[PDB]
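Trainee: Have a look at this one.
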Amino acid sequence: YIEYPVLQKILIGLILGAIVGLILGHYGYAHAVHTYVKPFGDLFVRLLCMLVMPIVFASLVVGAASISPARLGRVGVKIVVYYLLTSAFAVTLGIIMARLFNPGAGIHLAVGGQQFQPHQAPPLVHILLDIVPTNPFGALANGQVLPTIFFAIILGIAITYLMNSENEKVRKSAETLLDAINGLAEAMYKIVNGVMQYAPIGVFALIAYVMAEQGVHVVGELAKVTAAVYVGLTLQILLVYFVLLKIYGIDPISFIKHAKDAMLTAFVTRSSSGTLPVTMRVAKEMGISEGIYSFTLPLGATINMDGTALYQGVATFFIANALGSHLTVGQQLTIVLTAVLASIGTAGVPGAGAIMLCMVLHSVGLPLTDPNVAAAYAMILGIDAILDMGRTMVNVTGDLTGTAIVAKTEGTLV
Amino acid sequence: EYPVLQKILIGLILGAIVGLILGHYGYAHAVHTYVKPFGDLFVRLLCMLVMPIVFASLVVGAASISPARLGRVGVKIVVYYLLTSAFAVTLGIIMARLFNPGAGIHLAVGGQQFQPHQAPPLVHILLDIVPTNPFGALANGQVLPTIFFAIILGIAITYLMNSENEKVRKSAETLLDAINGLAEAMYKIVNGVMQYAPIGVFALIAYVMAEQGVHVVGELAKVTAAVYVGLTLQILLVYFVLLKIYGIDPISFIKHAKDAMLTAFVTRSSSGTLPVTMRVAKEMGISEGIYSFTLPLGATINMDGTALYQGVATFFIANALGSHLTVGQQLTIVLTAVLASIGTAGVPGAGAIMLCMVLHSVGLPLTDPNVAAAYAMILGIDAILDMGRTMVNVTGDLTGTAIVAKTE
Amino acid sequence: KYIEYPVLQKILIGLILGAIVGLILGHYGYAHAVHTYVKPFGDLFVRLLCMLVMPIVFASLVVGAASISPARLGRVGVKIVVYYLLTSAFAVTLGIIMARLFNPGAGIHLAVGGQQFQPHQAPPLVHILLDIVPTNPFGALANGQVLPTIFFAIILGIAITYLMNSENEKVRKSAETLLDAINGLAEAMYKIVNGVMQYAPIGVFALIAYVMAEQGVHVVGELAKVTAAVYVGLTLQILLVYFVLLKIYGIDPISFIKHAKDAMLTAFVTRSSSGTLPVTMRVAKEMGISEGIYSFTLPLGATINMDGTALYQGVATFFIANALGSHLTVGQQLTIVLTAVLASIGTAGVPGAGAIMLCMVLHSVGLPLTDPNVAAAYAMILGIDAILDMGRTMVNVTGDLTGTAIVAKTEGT
Ligand SMILES: [Hg+2]
Ligand SMILES: [Hg+2]
Ligand SMILES: [Hg+2]
């Protein structure tokens with residue numbers, strides 16, 4: 001059948017696809033690929049941008065409700081502060097690395113015969129006022145990004161306040177609504193898994209055309225991306241986690257020795273949740289309180305922002321850079337912080353890195369319909385699989401780093 | 001608030017007489033200005049629920065039929081309906097080509113004939129089944145994407161009900177429970193709208209008769225006929241053969257269903273009839289533990305009745321527009337319609353509701369005067385057709401529960 | 001850094017303080033600078049409100065419809081509903097009456113862009129009646145078609161009640177779940193308003209600051225003229241209907257008020273049918289209303305009481321239309337006003353329902369809230385809504401008791 005290690009399939013689809021593309025590039029048929037292979041790629045891209053709205057919205061409602069004070073616990077408030085200070089660093093490293101290696105420059109895409117031309121921007125007044133949806137159903141209906149973010153947050157928070165009410169009529173109503181929204185977000189995730197079953201074919205078709213038509217330069221450019229990620233990735237573990245543990249009297253060396261297979265599971269399954277049974281067992285091996293890890297671990301699975309913050313730092317810069325538009329530090333963080341803010345509750349979430357990207361593009365007015373934007377996004381989407389293994393692996397490590405720092409601040413260790 | 005079907009038939013029979021005399025020496029135009037708006041109110045009220053029912057109905061439907069959520073006695077009854085609908089489709093088209101309903105009524109209302117557009121590149125029509133934004137598809141009536149999303153969602157929910165996580169599992173249970181109920185309410189609303197249907201159906205044919213001459217009655221009777229003969233040809237040609245193939249006697253089988261069919265034929269309700277259906281299944285000696293499960297499904301998932309309705313209706317509608325339609329597209333459009341109606345067996349006037357959904361999905365704006373005036377015709381006789389629809393649905397539900405019961 | 005100080009106080013402070021600032025900056029000041037710098041805060045406030053107008057009206061009506069819906073409706077229910085229908089009827093007539101009595105809007109002929117607003121007119125009745133029916137309800141709901149939304153929200157709520165009358169427990173829990181989540185969306189939308197009223201002091205400051213600075217000093221008289229027309233019709237309701245209705249039911253009106261005294265005073269000051277509900281029930285027991293009666297009728301008047309809104313709209317509608325330059329007749333008025341009221345059912349409060357309905361009414365008529373004039377006209381009412389909304393609630397609560405007592409003594413079982 002096709003149930004064989006889904007990730008194996010996708011990496012086979014990428015490696016094999018680039019070879020097919022690239023040799024049909026050299027003496028081949030850039031155009032034939034474009035007429036015949038590519039539409040299979042397009043289907044894949046559509047199946048992704050599809051759920052981009054339901055997941056962002058329904059995910060944020062649930063996510064907001066999670067962190068919403070003071071439905072949030074006191075042991076919880078400390079773990080929230082944790083992810084906030086780490087996301088802060090994860091963002092800096094993101095940008096830093098994306099500037100350090102310069103992914104995108106060197107590939108000047110001008111696909112229809114013309115380069116893409118960002119039309120910016122309205123007056124700040126006009127753009128701040130417009131985050132407030134004129135009509136919340138409509139925002140959601142026709143893909144209005146920022147408004148949906150803002151309404152989804154303000155609603156998730158509202159729900160929690162309703163679950164602090166004496167009126168039981170009221171309390172269950174909220175509990176019902178949130179539960180229903182939850183199941184939606186939940187179903188959306190299961191749908192993604194199904195799409196990832198098609199991903200090996202679709203991703204084959206995507207890079208096949210990119211390779212066939214962009215030339216061979218691309219492979220260097222993509223390795224440039226992945227590199228900037230995995231080096232910021234490990235730079236995170238070493239520079240922040242290890243420091244934060246050191247600074248909490250915890251031993252970083254022996255810490256790793258327990259996390260070892262929990263990171264390796266995460267690296268391999270791409271799944272904060274798939275990995276969560278392993279994570280929890282390791283948390284116990286380190287001797288974290290039962291009452292603690294059984295609460296804080298199922299959070300970092302969803303609200304851990306550090307992984308995605310790194311992805312976007314590099315994805316953002318590549319995507320904008322390949323388009324040809326030179327992007328500054330101020331725009332960078334502006335963009336990235338906003339993606340991260342809105343990512344909360346989508347930690348995994350199969351391929352959230354790429355999903356946030358769409359939602360961020362849609363937000364900066366770069367129509368996915370444009371051929372350049374399209375062929376640009378298609379590149380990152382290709383290697384997303386690779387990137388998403390590091391993304392999860394850092395997520396999990398940081399979840400343990402945090403749940404162990406917070407564990408010790410409760411006096412429940414060994 | 002007196003027997004509802006009586007009223008719709010009273011209104012139709014009565015309405016054509018009124019329209020037809022007022023047509024002849026009368027004032028086709030007057031009717032058009034004063035009588036007709038009541039008719040248009042009716043068509044709107046229907047096209048209204050076309051979206052919610054299709055979406056909500058399919059989410060629920062797909063979650064029924066979904067693997068691994070489906071049961072063993074269930075898998076067989078589904079396999080039953082799949083292979084009966086197969087044949088029901090064939091008869092539909094076949095009868096629709098046999099009698100030629102529509103041609104000979106050449107409607108060109110505005111002083112101009114309707115002119116269907118075809119067709120974007122296969123590539124572009126296939127990529128487009130995938131909604132770019134699901135809320136959007138839903139919001140501004142995109143048919144194929146809504147089907148595609150509603151199926152892919154229903155299946156997803158079932159996987160969530162096979163989860164270790166009780167939080168996850170309850171949430172799915174809830175979402176589904178609320179979509180169901182939306183579905184459910186949608187139907188309740190139809191029952192009420194059918195309360196206006198006698199006035200509405202009066203107004204509709206009144207105009208059609210007053211304006212399209214007397215040729216119409218022949219053309220409509222042509223439809224009715226093509227359904228009722230496909231209808232009984234289904235009972236005899238498939239059910240009887242399936243009963244015989246499973247040692248059940250066709251003749252004495254009917255002797256038991258006799259009132260259950262008569263009830264179905266007169267209530268238009270697979271569900272309204274359900275108590276009578278189950279009573280007969282007991283009289284025939286089916287296991288309690290089998291008919292109490294399989295009969296409530298046939299009432300929702302039985303595609304055979306609709307499959308004949310769409311076959312014929314589709315061919316009439318298109319044919320009357322002027323557009324001659326081939327066997328290939330006939331089937332393609334039909335499979336699509338039936339394969340989206342799952343979980344709406346009855347569901348009062350489902351037959352017509354689907355038609356609207358298939359029309360909106362295949363070019364053909366319901367706002368267009370030709371398209372409108374043609375759909376107004378079938379909408380008129382829907383009541384007649386919808387009685388045979390249900391009656392055959394119910395017969396095939398017993399045939400299925402009996403065949404499956406025997407294998408147990 | 002914490003302004004969790006009495007929320008109403010803040011809005012009143014913001015109004016009085018805002019008008020002075022604007023008015024002095026108006027005279028020799030910088031109408032323009034206010035427009036460029038203070039106003040954007042006033043606009044952000046109008047956006048947060050106009051935001052919820054769709055979800056509150058829809059999800060609110062669904063629940064509302066369900067609550068009045070037969071035959072889920074009790075016999076103790078049927079009477080209280082009939083009560084409210086006959087009181088809203090009069091509540092409307094007084095609204096229009098007072099709106100015509102004082103003439104708010106005239107004398108302020110607003111032509112803001114350098115051009116006066118022009119209401120379009122009306123398609124044939126056929127076309128407007130057919131169009132109350134949503135061709136696609138998700139679409140109605142998604143892009144703000146008001147009339148089709150109303151009609152779908154009612155026809156939905158009612159259907160949901162019938163599903164609760166089914167022997168199929170599948171069917172029955174399904175309906176119960178759906179309603180449970182629609183309510184609760186409703187409920188959350190209300191919580192989101194409470195947060196918006198938190199910024200309302202700042203926003204209401206900015207709003208009148210500009211209208212004062214730019215519209216002159218004639219505005220303050222015109223607004224006092226509104227509030228007057230409401231508060232007098234408001235007490236004309238108590239004296240002219242409730243008191244005549246209590247008397248006509250052998251009940252003593254003066255000694256009735258002696259119990260309601262604080263129950264009305266709470267409502268006047270909290271702006272909250274729900275916040276006041278504890279105080280209200282305590283008073284219905286003091287008046288010696290049955291426990292199994294007020295435990296049902298008081299939580300209804302809290303949501304379905306239409307009389308308070310009926311007055312507000314009578315005046316708001318006339319002022320808004322009058323200021324724009326369109327003179328509006330008594331037919332037009334009720335047609336506009338019945339409609340709003342009839343669709344307000346289940347939104348009694350709901351922090352600021354009065355203004356909320358008005359948008360929804362403005363959108364429905366054909367006055368695009370983006371229009372410079374319409375905006376500057378709505379902005380004025382939005383400003384004093386807070387004042388009007390205290391009276392609104394207070395009248396509502398008096399009439400909930402007047403009702404629960406009239407129905408109560410017709411019982412004694
Ligand atoms: Hg996308
Ligand atoms: Hg329709
Ligand atoms: Hg508004």
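In the structure tokens, chains take letters A, B, ... by order of appearance, with residues numbered from 1 within each chain and ligands from 1 in the order shown.
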Write down as a VMD selection string the residues belonging to region 17-259 of chain B that are assigned helix (DSSP H, G or I) by DSSP computed on the backbone.
Mentor: chain B and resid 17 to 24 28 to 65 72 to 98 122 to 127 134 to 139 143 to 160 166 to 212 215 to 245 250 to 259
Trainee: Which protein, DNA or RNA residues have an atom within 7 Å of ligand 3, counting only C-alpha atoms and all ligand atoms, as an MDAnalysis selection string?
Mentor: chainID C and resid 46 49:50 53 356 359:360 369
Trainee: Show me which residues line ligand 1, defined as having an atom within 12 Å of a ligand atom where only C-alpha atoms and all ligand atoms count, and present them as a count of residues only.
Mentor: 42
Trainee: Compute the set of chain B residues within 10 Å of chain C, using only C-alpha atoms, and express it as a PyMOL selection string.
Mentor: chain B and resi 33-34+37-38+40-52+135-141+174-192
Trainee: Tell me as a PyMOL selection string which residues belonging to chain A come within 7 Å of chain C, counting only C-alpha atoms.
Mentor: chain A and resi 129+132-138+141+155+158-159+162+170+173-174+176-177
Trainee: Include C-alpha atoms and write out the residues we just selected as a PDB file, in the first residue's frame.
Mentor:
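For reference, part.pdb as written:
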ATOM      1  CA  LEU A 129      -7.755  50.516  12.559  1.00  0.00           C
ATOM      2  CA  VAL A 132     -10.425  45.289  13.847  1.00  0.00           C
ATOM      3  CA  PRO A 133     -12.732  43.290  11.572  1.00  0.00           C
ATOM      4  CA  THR A 134     -15.651  45.221  10.232  1.00  0.00           C
ATOM      5  CA  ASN A 135     -17.546  41.879  10.416  1.00  0.00           C
ATOM      6  CA  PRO A 136     -15.950  38.813  12.019  1.00  0.00           C
ATOM      7  CA  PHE A 137     -17.816  36.214   9.906  1.00  0.00           C
ATOM      8  CA  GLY A 138     -16.678  38.051   6.761  1.00  0.00           C
ATOM      9  CA  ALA A 141     -14.984  33.942   5.076  1.00  0.00           C
ATOM     10  CA  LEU A 155     -12.627  35.265  21.528  1.00  0.00           C
ATOM     11  CA  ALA A 158     -13.565  35.774  26.240  1.00  0.00           C
ATOM     12  CA  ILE A 159     -14.470  32.042  26.440  1.00  0.00           C
ATOM     13  CA  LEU A 162     -17.182  32.654  30.668  1.00  0.00           C
ATOM     14  CA  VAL A 170     -23.385  30.291  30.824  1.00  0.00           C
ATOM     15  CA  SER A 173     -22.442  27.187  26.825  1.00  0.00           C
ATOM     16  CA  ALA A 174     -18.829  28.422  26.678  1.00  0.00           C
ATOM     17  CA  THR A 176     -19.638  23.679  24.475  1.00  0.00           C
ATOM     18  CA  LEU A 177     -18.543  26.342  21.990  1.00  0.00           C
TER      19      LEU A 177
END
Trainee: Got a sec: who's within 6 Å of region 304-316 of chain B, counting only C-alpha atoms, leaving out chain neighbours fewer than 4 positions off, as a list in words?
Mentor: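 Using only C-alpha atoms, the neighbours found are residues 85, 88, 89, 92, 93, 96, 101, 102, 320, 338, 351, 389 and 393 of chain B.
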Trainee: With distances taken over only C-alpha atoms, which residue among A:116, A:82, A:189, A:101 lies nearest chain B?
Mentor: A:189
Trainee: Please list as a PyMOL selection string every residue within 12 Å of residue 300 (chain C), counting only C-alpha atoms and excluding residues in the same chain fewer than 4 positions away.
Mentor: chain C and resi 63-68+73+76-78+80-81+83-84+273-274+277+293-296+304-306+345-349+396-397+399-401+403-404
Trainee: Using only C-alpha atoms, which protein or nucleic acid residues come within 6 Å of residue 240 (chain B)? Drop anything in the same chain fewer than 4 positions from it, and give the result as a PDB file with N, CA and C atoms, in the first residue's frame.
Mentor:
ATOM      1  N   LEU B 236     -38.728  -4.565  -9.812  1.00  0.00           N
ATOM      2  CA  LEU B 236     -38.730  -5.818 -10.550  1.00  0.00           C
ATOM      3  C   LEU B 236     -37.328  -6.203 -11.016  1.00  0.00           C
ATOM      4  N   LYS B 244     -34.401 -13.004  -5.057  1.00  0.00           N
ATOM      5  CA  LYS B 244     -34.390 -14.343  -5.660  1.00  0.00           C
ATOM      6  C   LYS B 244     -33.017 -14.986  -5.527  1.00  0.00           C
ATOM      7  N   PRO B 250     -39.925 -13.126  -4.012  1.00  0.00           N
ATOM      8  CA  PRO B 250     -40.332 -11.784  -4.410  1.00  0.00           C
ATOM      9  C   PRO B 250     -41.805 -11.507  -4.203  1.00  0.00           C
TER      10      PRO B 250
END
Trainee: Between CA of residue 297 (chain A) and CA of residue 409 (chain A), what distance in Å does the model show, to one decimal?
Mentor: 16.0 Å
Trainee: Would you pick out the contacts of region 270-274 of chain B at 8 Å or less, using only C-alpha atoms, so that residues sharing its chain but fewer than 6 positions from it are not included, and give the list as a list in words?
Mentor: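 So the residues in contact are residues 260, 263, 264, 295, 296, 298, 299, 300, 345, 346, 347, 390, 393 and 394 of chain B.
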Trainee: Quick one: residues within 12 Å of residue 157 (chain A), only C-alpha atoms counted, chain neighbours fewer than 6 positions away excluded, as a PDB file with N, CA and C atoms, in the first residue's frame?
Mentor:
ATOM      1  N   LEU A  60      -5.931  29.361  17.159  1.00  0.00           N
ATOM      2  CA  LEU A  60      -5.769  30.524  18.041  1.00  0.00           C
ATOM      3  C   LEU A  60      -6.814  30.635  19.124  1.00  0.00           C
ATOM      4  N   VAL A  61      -8.057  30.295  18.816  1.00  0.00           N
ATOM      5  CA  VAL A  61      -9.097  30.323  19.835  1.00  0.00           C
ATOM      6  C   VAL A  61      -8.757  29.382  20.990  1.00  0.00           C
ATOM      7  N   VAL A  62      -8.354  28.160  20.647  1.00  0.00           N
ATOM      8  CA  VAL A  62      -7.976  27.161  21.644  1.00  0.00           C
ATOM      9  C   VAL A  62      -6.723  27.634  22.353  1.00  0.00           C
ATOM     10  N   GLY A  63      -5.724  28.061  21.579  1.00  0.00           N
ATOM     11  CA  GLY A  63      -4.436  28.513  22.112  1.00  0.00           C
ATOM     12  C   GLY A  63      -4.560  29.691  23.065  1.00  0.00           C
ATOM     13  N   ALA A  64      -5.449  30.627  22.734  1.00  0.00           N
ATOM     14  CA  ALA A  64      -5.640  31.828  23.545  1.00  0.00           C
ATOM     15  C   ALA A  64      -6.182  31.416  24.895  1.00  0.00           C
ATOM     16  N   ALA A  65      -7.195  30.559  24.832  1.00  0.00           N
ATOM     17  CA  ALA A  65      -7.863  29.998  25.997  1.00  0.00           C
ATOM     18  C   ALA A  65      -6.903  29.268  26.956  1.00  0.00           C
ATOM     19  N   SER A  66      -5.822  28.706  26.409  1.00  0.00           N
ATOM     20  CA  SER A  66      -4.839  27.945  27.160  1.00  0.00           C
ATOM     21  C   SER A  66      -4.036  28.849  28.048  1.00  0.00           C
ATOM     22  N   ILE A  67      -3.568  29.935  27.449  1.00  0.00           N
ATOM     23  CA  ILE A  67      -2.652  30.845  28.104  1.00  0.00           C
ATOM     24  C   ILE A  67      -3.422  31.914  28.850  1.00  0.00           C
ATOM     25  N   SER A  68      -4.713  32.006  28.560  1.00  0.00           N
ATOM     26  CA  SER A  68      -5.552  33.017  29.159  1.00  0.00           C
ATOM     27  C   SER A  68      -5.494  32.960  30.683  1.00  0.00           C
ATOM     28  N   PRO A  69      -5.113  34.097  31.300  1.00  0.00           N
ATOM     29  CA  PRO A  69      -5.141  34.239  32.749  1.00  0.00           C
ATOM     30  C   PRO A  69      -6.561  34.588  33.217  1.00  0.00           C
ATOM     31  N   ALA A  70      -6.927  34.195  34.437  1.00  0.00           N
ATOM     32  CA  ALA A  70      -6.106  33.338  35.283  1.00  0.00           C
ATOM     33  C   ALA A  70      -6.726  31.944  35.296  1.00  0.00           C
ATOM     34  N   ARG A  71      -7.369  31.586  34.182  1.00  0.00           N
ATOM     35  CA  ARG A  71      -7.711  30.198  33.902  1.00  0.00           C
ATOM     36  C   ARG A  71      -6.407  29.413  33.936  1.00  0.00           C
ATOM     37  N   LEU A  72      -5.327  30.108  33.578  1.00  0.00           N
ATOM     38  CA  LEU A  72      -3.958  29.608  33.688  1.00  0.00           C
ATOM     39  C   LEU A  72      -3.490  29.452  35.164  1.00  0.00           C
ATOM     40  N   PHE A 150      -6.834  38.789  15.313  1.00  0.00           N
ATOM     41  CA  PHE A 150      -7.350  39.625  16.385  1.00  0.00           C
ATOM     42  C   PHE A 150      -8.684  39.135  16.967  1.00  0.00           C
ATOM     43  N   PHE A 151      -9.604  38.699  16.113  1.00  0.00           N
ATOM     44  CA  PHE A 151     -10.878  38.187  16.586  1.00  0.00           C
ATOM     45  C   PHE A 151     -10.725  36.837  17.267  1.00  0.00           C
ATOM     46  N   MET A 163     -15.957  30.686  31.443  1.00  0.00           N
ATOM     47  CA  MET A 163     -15.749  29.484  32.248  1.00  0.00           C
ATOM     48  C   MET A 163     -15.336  29.765  33.699  1.00  0.00           C
ATOM     49  N   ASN A 164     -15.337  31.049  34.063  1.00  0.00           N
ATOM     50  CA  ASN A 164     -15.217  31.481  35.456  1.00  0.00           C
ATOM     51  C   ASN A 164     -16.516  32.046  36.014  1.00  0.00           C
ATOM     52  N   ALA A 174     -20.221  28.118  27.029  1.00  0.00           N
ATOM     53  CA  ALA A 174     -18.829  28.422  26.678  1.00  0.00           C
ATOM     54  C   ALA A 174     -18.027  27.153  26.514  1.00  0.00           C
ATOM     55  N   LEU A 178     -16.287  26.234  22.961  1.00  0.00           N
ATOM     56  CA  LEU A 178     -14.843  25.986  22.908  1.00  0.00           C
ATOM     57  C   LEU A 178     -14.535  24.536  22.525  1.00  0.00           C
TER      58      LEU A 178
ATOM     59  N   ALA C 188     -20.123  34.990  24.655  1.00  0.00           N
ATOM     60  CA  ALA C 188     -18.752  35.507  24.527  1.00  0.00           C
ATOM     61  C   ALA C 188     -18.712  36.886  23.892  1.00  0.00           C
ATOM     62  N   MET C 189     -19.527  37.065  22.867  1.00  0.00           N
ATOM     63  CA  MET C 189     -19.659  38.361  22.261  1.00  0.00           C
ATOM     64  C   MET C 189     -20.002  39.390  23.317  1.00  0.00           C
ATOM     65  N   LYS C 191     -19.294  39.279  26.680  1.00  0.00           N
ATOM     66  CA  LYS C 191     -17.993  39.498  27.318  1.00  0.00           C
ATOM     67  C   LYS C 191     -17.010  40.367  26.525  1.00  0.00           C
ATOM     68  N   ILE C 192     -17.025  40.286  25.195  1.00  0.00           N
ATOM     69  CA  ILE C 192     -16.086  41.087  24.404  1.00  0.00           C
ATOM     70  C   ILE C 192     -16.514  42.558  24.442  1.00  0.00           C
ATOM     71  N   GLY C 195     -15.262  44.359  27.558  1.00  0.00           N
ATOM     72  CA  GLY C 195     -13.896  44.770  27.331  1.00  0.00           C
ATOM     73  C   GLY C 195     -13.817  46.011  26.472  1.00  0.00           C
TER      74      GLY C 195
END
Trainee: For chain B, list the residues within 12 Å of chain A, counting only C-alpha atoms, and write the list as number ranges by chain.
Mentor: B: 59, 121-141, 145-146, 148-179
Trainee: Using only C-alpha atoms, pick whichever of A:195, A:218, A:404, A:240 has the shortest atom-to-atom distance to residue 286 (chain A).
Mentor: A:404
Trainee: Work out how far CA of residue 202 (chain A) is from CA of residue 12 (chain A), in Å to one decimal.
Mentor: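 Distance between the two atoms: 11.9 Å.
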Trainee: Between CA of residue 226 (chain B) and CA of residue 203 (chain B), what distance in Å does the model show, to one decimal?
Mentor: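 Atom-to-atom, CA of residue 226 (chain B) and CA of residue 203 (chain B) are spaced 25.1 Å apart.
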